[PDB]
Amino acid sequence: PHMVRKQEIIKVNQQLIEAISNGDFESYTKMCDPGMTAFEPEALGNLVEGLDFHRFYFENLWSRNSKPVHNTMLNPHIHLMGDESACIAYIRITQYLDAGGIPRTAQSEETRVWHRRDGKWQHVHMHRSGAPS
């Protein structure tokens, strides 16, 4: 019952990335535990509370973005720890266009930890290295 339960983790994580790409902070907040933590390049090597720090990027950038972007989770690896917690790690490739309209690509590595709280998977901790995008 793992191959399908892994597909459950892949689904909820891909929906989270879709919310980030579109700038939908409301769905982002629902899917994230209020006390989620984050390591990311924008945090300058510090561990921050995930939902307060990221609201600045949603409210001033990602809600305003209208440019075409394509995100690819390359060969995701999923660790199941029982039935109420999961860890997913993957290379995130982002395709976009610059100001000049010429195509560019950025890579980052993302770890995201999920916890089933009241039958809903909640994002509890993330670690991103690589490109800030």
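Throughout, we count residues from 1 along the sequence that is shown.
Engineer: If you average the CA temperature factors as listed in the entry, which stretch comes out higher, 106-114 or 11-19?
Structural biologist: The recorded data point to 11-19.
Engineer: Going by the B-factors listed in the PDB entry, is the mean over the C-alpha atoms higher for 35-43 or for 78-86?
Structural biologist: Averaged over C-alpha atoms, the B-factors run higher in 78-86.
Engineer: Could you tell me which one of 28, 62, 96, 53 shows the highest CA temperature factor in the PDB record?
Structural biologist: 62 has the highest C-alpha B-factor of those listed.
Engineer: What third of the chain does residue 48 rank in for C-alpha temperature factor, lowest, middle or highest?
Structural biologist: For residue 48, the deposited C-alpha B-factor lands in the lowest third.
Engineer: Among the modelled residues of this chain, does the Cα B factor of residue 73 put it in the lowest, middle or highest third?
Structural biologist: Middle third, going by the recorded CA B-factors of the chain.
Engineer: Is the Cα B-factor recorded for residue 125 in the lowest, middle or highest third of its chain?
Structural biologist: Residue 125: CA B-factor falls in the lowest third of its chain.
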